[PDB]
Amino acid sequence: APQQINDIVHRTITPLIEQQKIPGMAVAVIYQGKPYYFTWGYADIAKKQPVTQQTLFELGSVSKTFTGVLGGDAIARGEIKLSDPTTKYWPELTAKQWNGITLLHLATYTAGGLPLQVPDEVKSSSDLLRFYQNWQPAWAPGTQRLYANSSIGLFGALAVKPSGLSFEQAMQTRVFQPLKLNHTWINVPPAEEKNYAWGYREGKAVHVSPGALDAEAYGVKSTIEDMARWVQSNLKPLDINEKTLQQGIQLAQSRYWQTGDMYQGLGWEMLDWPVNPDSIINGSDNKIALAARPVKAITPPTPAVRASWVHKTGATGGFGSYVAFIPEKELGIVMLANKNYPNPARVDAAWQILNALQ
């Protein structure tokens, strides 16, 4: 624990926790490839359980990076191609608006206005088919980006069909296990419940609610140790022994579309490094509830660029997560909290830490 890392992490995160009233937090810094861990506060306020390196947090949409990589692995395996029509894998999707909508569009939120959330009313598989058949695009495919669980979530579900594996079994056997992420889960097992933090929303303890395509869009839970290993794997995919997973990671960091200064990968988002910090900090704000942006196709996609700020925010009702890394510097950070606090605060803290260390 080099004093420089200790000092910049504590000087940044302690005030963040105070300002945002975060009940519990874990941080990992990856520096020259090695991880350093920090924890604060409570995984469970009522039961006085501290955050530890073994505490499970809901990753929310950071899960999309696992979905993106699993899809990349399926491409590498020759099971699917991003140029394939969605209907190749879901023949029941016969409605005409689907003509021209490819797995690429699903994976990258560019299908033409699929909504952020699958409606809560969608409970059955038949409800899900009806939803997609009836959905009317606002835009031609490949023209506008609208961040959407219904888009990348469907990509994940379809990406695993040729394997015949469930999404969970595919993720376990093809991503979690080979990377030794042995405390990373789509469904938290009873054996691990003692480590599963509560999220806190308006002071109430909460966990994520079941929903359609939840696993695929926002459903992973993990520890700070496994998430540091996830960052290491994404920093250095060539050290991965499993060839299709190595390739999948590289495919997920390829640049498929540009909007403003940001590039869309599979799950991951990227900017050129050095970044303008106001560009990523301000850009991370949700503004917004719905933010439709024209995109420029990158034809063909640029393979993973080492001089990039690669990142993803995630939230559930009770949790806020952030991951960022810069491959050319062998540098990264994971921030896991059990409160959904504003994105710009996450990115500001991450930038302050990584910039001081690079």
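In this text, residue numbers run from 1 along the sequence as written. Heads up, when I say rigid core I mean the largest set of C-alphas that superpose within 1.5 Å between the two forms.
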Superpose on the core, then say which of 121-129 and 154-162 ends up with the larger RMS Cα offset from this form in 9 other deposited structures of this protein. 121-129
Would you mind working out which of 290-298 and 310-318 sits farther from this form in 9 other deposited structures of this protein by RMS C-alpha distance, with the rigid core as the fit? 290-298
Does a third or more of the other compared entries skip modelling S284? yes
Is the mean CA B factor in the deposited entry higher across 138-146 or across 123-131? 123-131
On average, which has the higher Cα B-factor in the deposited entry, 58-66 or 34-42? 34-42
Among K236, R229, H183, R174 - the residue whose C-alpha B-factor is largest in the record: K236
From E92, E225, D73, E216, pick the one with the largest CA B-factor in the entry? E92
When the modelled residues of the chain are sorted by Cα temperature factor, does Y109 land in the lowest, middle or highest third? lowest
Going by the entry, which third of its chain does the Cα temperature factor of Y200 land in? middle
Third of chain Cα B-factors occupied by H311: lowest
Going by the recorded CA B-factors, say which third of the chain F167 sits in, lowest, middle or highest. middle
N187: CA B-factor among chain residues, third -> middle
